[PDB]
Protein chains: 2
Amino acid sequence: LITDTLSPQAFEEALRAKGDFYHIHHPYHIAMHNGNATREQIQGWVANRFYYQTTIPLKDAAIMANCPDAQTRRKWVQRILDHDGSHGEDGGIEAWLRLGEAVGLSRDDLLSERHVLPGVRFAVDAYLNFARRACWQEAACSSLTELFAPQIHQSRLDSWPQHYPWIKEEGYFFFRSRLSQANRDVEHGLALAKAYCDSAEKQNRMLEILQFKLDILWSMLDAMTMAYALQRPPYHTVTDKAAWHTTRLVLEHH
Amino acid sequence: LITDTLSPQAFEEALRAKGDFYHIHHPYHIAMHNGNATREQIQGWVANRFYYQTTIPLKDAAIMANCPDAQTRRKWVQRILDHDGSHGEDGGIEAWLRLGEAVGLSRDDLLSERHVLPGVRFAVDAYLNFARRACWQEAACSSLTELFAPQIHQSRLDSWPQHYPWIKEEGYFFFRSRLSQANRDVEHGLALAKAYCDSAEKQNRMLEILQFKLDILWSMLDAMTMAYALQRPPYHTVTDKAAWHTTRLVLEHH
Ligand SMILES: O=C(O)c1cc(C(=O)O)c2c(n1)C(=O)C(=O)c1cc(C(=O)O)[nH]c1-2
Ligand SMILES: O=C(O)c1cc(C(=O)O)c2c(n1)C(=O)C(=O)c1cc(C(=O)O)[nH]c1-2
Ligand SMILES: [Cl-]
Ligand SMILES: [Cl-]
């Protein structure tokens, strides 16, 4: 715990040290990186991760709704544009659907969200709900696991083509696009954290918030592990069919 | 799927049929029932389930906050009194603490919430956020997994003394108390469901909400399985110490 307020440089270093807990260290990621995941494991990952991807613009809109600073909103809205795109096959969500296709899944497989495991849903919804309820600065700074994301994107670009040659090359567009977007994102996110977190109290709080975000990512992979690596998807003792709920109940009727 | 609106009595039986997915069928539960769980697994279950127990009055208050019907609130508040304890008389939260002590955990072990796994936290928090956001009728009726709870409480009363004679007698107080409280609860819950769910659309939606609830229960046990049965708690590849966040970030500063 921080007793005496860290300088902004030292606080940055403390944020960066949290990368030790990033999901690049989860066995699910490591198995994919080393060429040991099966096609079903990769498909399940893409389908489930789509739920996180389609939640990012919701979460960013939530931050904006809580942010009375127009200068910040002018910057933050670019994240929504990056994922939703402007008119057509544009943006990140579309690029993730093309990754779905590149690994053998249809657009409907992803858009229906029917494969999204409840453990994935609850972790991702925790992010959204934090963004809706916390102060905008705290919610904005919980993005800063993006500090670690270019490394993990690059890892996939480096390892997947030779372990999984069946993944269509269009599939890699999204990862490539994030090497630059994540960096532009953190330029702002860091600047904001270093400016906002100017007391030991705020610094310790922010470190716990970043841990929360790390926990969301790890928990998504835990759910995937249980369903696709360990033969223990929900209700496996009672049925061989998917029986979990498949609806964003507070945002859609059905 | 219901196409033609079920009568109230037929709809009650469709709600009861969801018990096929209750967490009494989860292997974590079955292992405890069969005498194959470890003391660590029992302690972990007690410590993590305390997070659920201390969230029940929060989500019941959330329902009441959304409920402009005084008659309903007059009934619903009994749930809060049951868990929090009234006229200073101990309540269900205190009884769960005594279950903690009965399995060798201190009050501080439970109250600190330090042992609460992120996958448990996110599942439980999903319950509270649904209760906060959904219309009160939907939120109230999501309690109806209580239909299934007397059976599981009795299963523990029946089997744990044989297998785990070290669990102190005092620890069983909570389970015994719920045999009657759960029954009284669902009398009101069923009445509400049967009065409110008076179209096929509403009936199908309610069954999906009950599934969501079931998924929460199942996911809590999935997290416990990973951590206590499979040797894969969060960050196990990185550290042998607990590193997850331990704060209800939007309800407490630290
Ligand atoms: O592939 C990944 O491992 C990974 C991690 C993260 C992250 O660290 O939160 C994000 C992304 N991808 C992502 O694609 C992305 O667009 C993104 C936005 C955000 C954010 O919190 O606002 N994180 C991430
Ligand atoms: O031990 C259990 O298996 C179990 C399950 C559930 C349930 O089905 O949601 C409740 C409880 N216990 C419980 O102790 C409790 O007070 C309770 C209240 C509620 C509820 O949704 O409002 N569920 C449960
Ligand atoms: Cl990213
Ligand atoms: Cl109960």
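Residues numbered from 1 in each chain as written, not as in the entry; some residues may be left out. Chains lettered and ligands numbered in written order. Heavy atoms only, no water.

As documented in the archive entry, the model was determined using X-ray crystallography at 1.44 Å resolution.

## Observations regarding the site of ligand 2
Residue and element names in this part refer to chain B. What counts, and what does not: Note on definitions. A residue lies near a molecule or strand when any single heavy atom of the residue is within 4 Å of it. For the purposes of these results, a polar contact is taken to be a pair of N or O atoms within 3.5 Å, where, inside protein, one atom must be able to donate a hydrogen and its partner to accept one; residues adjacent in sequence count only when each atom of the pair is a side-chain atom. Residue exposure ignores everything except the shown protein chains as possible cover, and the areas themselves are Shrake-Rupley values with a 1.4 Å probe. Secondary structure elements are taken from DSSP: a helix is a run of H or I of four residues or more, a strand is a run of E of two residues or more, and numbering for both begins at the N terminus. Classification convention: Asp, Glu, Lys, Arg as charged; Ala, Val, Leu, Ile, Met, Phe, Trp, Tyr, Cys, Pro as nonpolar; all other residues, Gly among them, as polar.
The environment of ligand 2 is made up of 19 residues, and the closest members are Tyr-22, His-23, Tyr-52, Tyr-127 and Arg-156. Between ligand 2 and the protein, one listed contact pairs an oxygen atom with a side-chain N or O atom of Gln-53 at 3.3 Å. Bound to the protein, ligand 2 loses 99% of the 470 Å² it would expose on its own. The set of elements that each furnish at least two residues to the shell around ligand 2 consists of α3 (39–65), α9 (149–163), α10 (173–196) and α11 (200–229). Residue composition of the shell around ligand 2, grouped by class: seven nonpolar, six polar and six charged.

## Considering the interface of chain B and chain A
Going by this rule: Whether two residues are in contact is decided by their heavy atoms: any pair within 4.5 Å suffices. Using a 1.4 Å probe, buried area is obtained as the accessible area two parts lose upon being combined, added over both of them. For salt bridges, the criterion is a side-chain nitrogen of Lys or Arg within 4 Å of an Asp or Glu carboxyl oxygen.
Taken together, the contacts link 47 residues of chain B with 47 residues of chain A. Area buried by chain B at its contact with chain A is led by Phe-122, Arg-133 and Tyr-235 of chain B, which between them contribute 17% of it. At the junction of chain B with chain A, the criterion picks out zero salt bridges. At the junction of chain B with chain A, the criterion picks out 22 residue pairs in polar contact. Counting only elements with at least two residues in the side of chain B that touches chain A, the list comes to α7 (118–133) and α11 of chain B.

## Re the site of ligand 1
Residues and elements named next belong to chain A. Residues in close proximity to ligand 1 total 19 residues, the closest being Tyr-22, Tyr-52, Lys-59, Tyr-127 and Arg-156. Within the side chain of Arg-156, an N or O atom sits 2.7 Å from an oxygen atom of ligand 1. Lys-213 places a polar side-chain atom, nitrogen or oxygen, 2.8 Å from an oxygen atom of ligand 1. Contact with the protein chains covers 99% of the free accessible surface of ligand 1, which is 470 Å².

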